[PDB]
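What follows is the residue order along each chain.
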Amino acid sequence: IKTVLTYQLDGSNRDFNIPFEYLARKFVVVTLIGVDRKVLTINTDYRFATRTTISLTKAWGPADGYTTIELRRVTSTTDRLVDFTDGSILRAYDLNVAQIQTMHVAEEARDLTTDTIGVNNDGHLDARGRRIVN
Amino acid sequence: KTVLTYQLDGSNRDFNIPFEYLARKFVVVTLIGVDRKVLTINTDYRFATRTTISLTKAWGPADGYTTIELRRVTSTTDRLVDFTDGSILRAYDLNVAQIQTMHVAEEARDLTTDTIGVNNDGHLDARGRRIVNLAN
Amino acid sequence: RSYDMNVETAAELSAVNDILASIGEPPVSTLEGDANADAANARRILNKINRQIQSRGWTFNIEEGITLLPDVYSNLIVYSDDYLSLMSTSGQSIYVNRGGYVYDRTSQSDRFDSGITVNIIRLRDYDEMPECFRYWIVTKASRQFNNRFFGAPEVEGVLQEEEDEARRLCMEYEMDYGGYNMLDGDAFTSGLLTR
Amino acid sequence: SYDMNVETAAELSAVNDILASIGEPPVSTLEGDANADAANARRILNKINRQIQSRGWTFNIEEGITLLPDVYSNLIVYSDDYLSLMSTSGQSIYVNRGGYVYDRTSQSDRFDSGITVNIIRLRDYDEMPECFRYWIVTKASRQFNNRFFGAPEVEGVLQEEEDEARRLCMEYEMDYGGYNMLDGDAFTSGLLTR
Amino acid sequence: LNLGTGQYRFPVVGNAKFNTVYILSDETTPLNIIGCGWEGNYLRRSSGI
C-alpha cells in the first residue's frame, strides 16, 4: 500500500517522495507519462536524494510536454537478490531477503488492477482514452 | 478461490470458508450491500472452527446489508515467519514462509478476474457490460 | 534433480563471486546490506572499473548524434556523471562542463536554445555489456581487488596475464563487430575511389 | 547468467579433473554436500565455459539465424545465453539495452519480422568438441590452481599444458572450417573468374 | 602365520584438515605400529611472522 503511485507534474517541482519499501534501488523506475511514456535514467536525469525521495535534475513540467510523473516499483523476477550456494553458512538474513523479494513481487502483482481496463460507476468497463488494440 | 459470496436469507450465522488461510486476521468479511460494510471480527464474526466463520446477528436482505461476501486479504508486510539465527529451523517454518507468498500471489490473480477476465474458450468476457470512453 | 531446468542467476551477483573466488575466499551468498566489507569493496571495484572499460570508447557504446535537449525555462543542458564522454559529432569538440552544465567553450554560453548533437558514451550496466567485456570487467577488477587488499605478488602476476588475454579478446570483438573498412568505408579514401 | 542446477556424467568427469589439479580426491556426485572445493570447481568450469564459447569458433557461430520479435510486445529478448549477437555483414547495429535488442543506429527497440544476426550461443560443456572439452578443463585447472591452492610449481607446468591444449584446439577448426584463401572467400573468389 | 615388518605407503589425498585416517583390525593375528609419516605439498601464501 501502495507499490505504484503517480504524482502531478508542474514545471518547478523536482522532488517527489517514494512510499513503498523498495529493496535495492534499481527496483524503482520513474517514467514521465505525459503524452508519451518516457523512462528516466538512474543518474542523468533523476537522482535518489534520500532513500525516500527521487529528485529530478531538469525539473520537468507540462511545458516540455510531460505530466504525471509515474514512479512504480518493479521487482525483478530473474535478478534474485539471494542465491544460496553450497558450502555457505545459511544466514537468516538470506532467507528473509529471499522471502521479502518474492513477497514484493506478489505485492506488485496485486496492483495490476490499477493497471487494467477498469470498471466505472455501475459495471461499465471503461477505457479512458486508451483505444483497445488487437 | 479467495472470494466467494454467501448470499443467505435469514440470520444465518454459519458461513463456511474454503480458502485455506494462514491466520484469522487475513480473512476479512463484508456484507455485500447497498453499502459494503467491513464487519469487525471479535464483535461481529467468530471462527467456530477454522473452516467456518459464524456471525453474530447476521443482518439480512431485509436489512440493508443483504448478502455476505467473505474474502482473503493476506497481508504483504506482516510476515508470519521471521527466520533468526538458530533458533532451530523448523520444517513448518520454511514451508509456511513460501505459502504466504503463494497465497498473496494467488489471491492477487483474482483481482483481475473480477474485471474482464478470461473464459475457458480463451475469450475475454465482459460480463454483459458497456465499454465507455473508448476511441477508434 | 531434473535435467529440464533452465534457471537464471544474477549476472551482477555472479560477477562479485568471481572476484571473491579470485582473491581466494568462499562464495558470498547475497550482496545485499552494507555490512559485509568484502562485498562492498568488491562491488565498488566492479563499479569503479565498469566506468573505465566503458569510458574508453568502443563502437557499441558511442551513441552518435544523440540530441540532448535544453530545459525550456533555463535553457541549460545538464552534463551528468553518466555521460562518460560528450563530444562533438565532427571535429574540434566545443562542449565542456561548467558547473554541471554543458557549456560551449567557443561561444562561452551555458545557454542553449534548441539542443546540441553529440557522441555520448552512456554508462550502462554489467548486464548490458558484451560477454567479452563482462569477462574483462571482472578480471580487471580481479586484479585491483587483488592489488589493494590481498597483496600476494604471485597471484597478481598470474592474474595480470589473464587481464591481458581478456583485453586481446575484447579488442577482437569489435574489429569484427564494427567491421571497419580502409578503402570503401571511411571519410577520405572512400571518396577517392569514385570512377 | 545461466546457473548450474543440473548434473551430467560426462560433465562430472571434468570436475574430477579440476579437483585433480590441486591434488584432491575425486568427488562421486555433485550433490551439494559441503565440498567447497568441488563447488568452486563447478564455478570455474562454468565461468570459463562462457569464454571458450565467447571467442568465436566456426561451429559456435550460428550464421544467419533469425531472431523473432514477440508479436504483441514488438521486441526481442536478448538473453544472457547469447554470447555475441553481432550482425551478418558489417557495422553490426544491434546492442543490448535493457534486455532487448536495440538498433544502435535507428534508436528503436521495436522490431517487426526479425533479424538476421550471427549469434554465438551458449552450449553445454558436453555439447562441445573433445578438443575443447579438454581445454576448458585444463584452463579451469589453472585458475582453480591459482585461486585456492596457489603453489607456483604446479601452476608453471600447467600453463605449459594449457597452451598445448589451445594449439590442439586451434588445429581442430582450421581442419574443420576448411578455410580457402583463393577459392572460398568473398573478395578473391570473384577475381578468379575467367 | 603371515607376520611382516615394513613401511606401507598408502595414498591419502586432499586437504589435511578434512582427511581422517583410522586403522581397524578384528583379526586373530597381532599388530604393531611404530611410526607414521606423511608427505604433501604445502603452500602458505601469506609468509608469516
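- Deposited coordinates in this entry are attributed by the record to cryo-EM, at a stated resolution of 3.4 Å.

1. Brief notes about helix α2 (residues 36–52) of chain D
Link 1 in the chain: With 17 residues, α2 of chain D should cover 24 Å at 1.5 Å per step; its first-to-last C-alpha distance of 25 Å lies within 8% of that length.
Link 2 in the chain: Judged by how many residues are buried, α2 of chain D sits mostly within the fold: 14 of 17 residues are covered.

2. Focus on the sheet that holds strand β7 (residues 68–72) of chain B
Residues and elements named next belong to chain B.
Link 1 in the chain: Across the sheet, 4 strands lie side by side as β1-β7-β3-β4; this open sheet has antiparallel pairing. Strand pairing shows two members of the sheet lacking a second neighbour, β1 (3–6) and β4 (37–39), which therefore form its edges. Taking each pair of neighbouring strands and ignoring which way they run, the sheet shows an average axis angle of 30°.
Link 2 in the chain: Across 3 bridges, strand β3 (residues 27–31) lies against β4 in antiparallel orientation. Across the sheet, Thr30 pairs through a bridge with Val38, a residue of β4.

3. Observations regarding the interface of chain C and chain D
Link 1 in the chain: Between chain C and chain D, the residue contacts involve 44 residues of the former and 43 residues of the latter.
Link 2 in the chain: A buried area of about 3800 Å², summed over both sides, lies between chain C and chain D, and 43% of it is on carbon and sulfur atoms.
Link 3 in the chain: Summed over the three residues of chain C that lose the most area to chain D, namely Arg1, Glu131 and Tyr177 of chain C, the buried surface amounts to 19% of that side.
Link 4 in the chain: Inspection of the chain C/chain D interface yields 8 salt bridges.
Link 5 in the chain: Here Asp80 of chain D and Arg134 of chain C are joined by a salt bridge, their closest N and O atoms 3.2 Å apart.
Link 6 in the chain: In this structure, the connection of chain C to chain D is made through 19 residue pairs in polar contact.
Link 7 in the chain: Sorting the residues of the side of chain C that touches chain D by element identifies α1 (11–23), β1 (62–68), α3 (131–148) and α4 (153–177) of chain C as the ones contributing at least two each.

4. A closer look at the packing of helix α1 (residues 9–22) of chain D against helix α3 (residues 130–147) of chain D
Residues and elements named next belong to chain D.
Link 1 in the chain: Their axes nearest at 9 Å, the elements α1 and α3 cross at an angle of 40°. By the criterion of interaxial angle, the relationship of α1 to α3 is oblique. Two packed elements cross with a definite hand, and for α1 against α3 that hand is right-handed. Between α1 and α3, the residues in contact are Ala14, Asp17, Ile18, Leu19, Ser21 and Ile22 and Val137, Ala140, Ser141, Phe144 and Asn145, respectively.
Link 2 in the chain: Looking at the contact of α1 with α3, its residues break down into 7 nonpolar, 3 polar and 1 charged.

5. A look at a positive patch on the surface
All names here are of chain B.
Link 1 in the chain: Residues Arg24, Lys25, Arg46 and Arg50 make up a contiguous surface patch of positive charge.
Link 2 in the chain: In this fold, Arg24 is placed in the loop between β2 (14–16) and β3.
Link 3 in the chain: Owing to a relative accessible area of 45%, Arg24 belongs among the partly exposed residues under this scheme.

6. A word on the arrangement of the chains
Link 1 in the chain: Once contacts are tallied for each of the 6 pairs of chains in contact, the highest total is for chains C and D.
Link 2 in the chain: At their nearest point, the C-alpha atoms of chain B and chain D are still 16 Å apart, with no contact between the two.

7. A word on the packing of aromatic side chains
Link 1 in the chain: On inspection of all chains with the given rule, the structure shows 26 aromatic pairs over all chains.
Link 2 in the chain: Arranged with centres 5.2 Å apart and planes meeting at 45°, the rings of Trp57 of chain D and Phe132 of chain D form a pair that is tilted. Here the residue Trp57 of chain D occupies a position in the loop between α2 and β1 (61–67), and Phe132 of chain D occupies one in helix α3, the gap between them amounting to 75 residues. The residues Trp57 of chain D and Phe132 of chain D share a single accessibility class, namely buried.
Link 3 in the chain: Chaining the aromatic ring pairs together yields one cluster made of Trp58, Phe60, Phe133, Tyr173 and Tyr177 of chain C.
Link 4 in the chain: Lying over the aromatic face of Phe48 of chain A, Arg25 of chain A brings its terminal NZ or CZ to 5.2 Å of the ring centre.
Link 5 in the chain: The aromatic ring of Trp59 of chain B is capped on one face by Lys57 of chain B, whose charged end is 3.5 Å from the ring centroid.

8. Some words on the pairing of β7 of chain B
All names here are of chain B.
Link 1 in the chain: For β7, the tally of buried residues reaches 4 of 5 residues, placing the bulk of the element in the interior.
Link 2 in the chain: In the sheet, β1 pairs with β7 via 4 bridges, with the strands oriented antiparallel. Bridging across to β7, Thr5 finds its partner in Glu69.
Link 3 in the chain: Alignment of β3 against β7, held across 5 bridges, turns out to be antiparallel. When the bridges of β7 are listed, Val29 appears paired with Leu70.

The rules behind these values
- Residues numbered from 1 in each chain as written, not as in the entry; some residues may be left out.
- Chains lettered and ligands numbered in written order.
- Part of a larger assembly, values for the part shown.
- Heavy atoms only, no water.
- Helix = DSSP H or I, 4+ residues; strand = E, 2+ residues; numbered from the N terminus.
- Expected span 1.5 Å × (residues − 1).
- Buried < 20%, exposed > 50% of the residue type's maximum accessible area, 1.4 Å probe, protein only.
- Pairing = 2+ DSSP bridges.
- Axes fitted to C-alpha atoms, helices over the stretch in contact; angles between N-to-C directions.
- Contact = heavy atoms within 4.5 Å.
- Buried area = accessible area lost by both parts, 1.4 Å probe.
- Salt bridge = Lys/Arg side-chain N within 4 Å of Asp/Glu carboxyl O.
- Polar contact = N/O pair within 3.5 Å; in protein donor to acceptor, adjacent residues only side chain to side chain.
- Parallel < 35°, antiparallel > 145°, perpendicular 65-115°, else oblique.
- Left-handed = near helix turned anticlockwise from the far one by under 90°.
- Nonpolar A, V, L, I, M, F, W, Y, C, P; charged D, E, K, R; others polar.
- Patch = residues over 30% accessible without salt bridge, like charges linked within 9 Å, V, L, I, M, F, W, Y side chains within 5 Å.
- Areas by Shrake-Rupley, 256 points an atom, 1.4 Å probe, with all protein chains shown as cover.
- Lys, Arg positive; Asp, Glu negative; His and termini not counted.
- Charge placed at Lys NZ, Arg CZ, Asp CG, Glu CD.
- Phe/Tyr/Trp six-rings, centres within 6.5 Å; stacked < 30°, edge-to-face > 60°.
- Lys NZ or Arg CZ within 6 Å of the ring centre and 35° of its normal.

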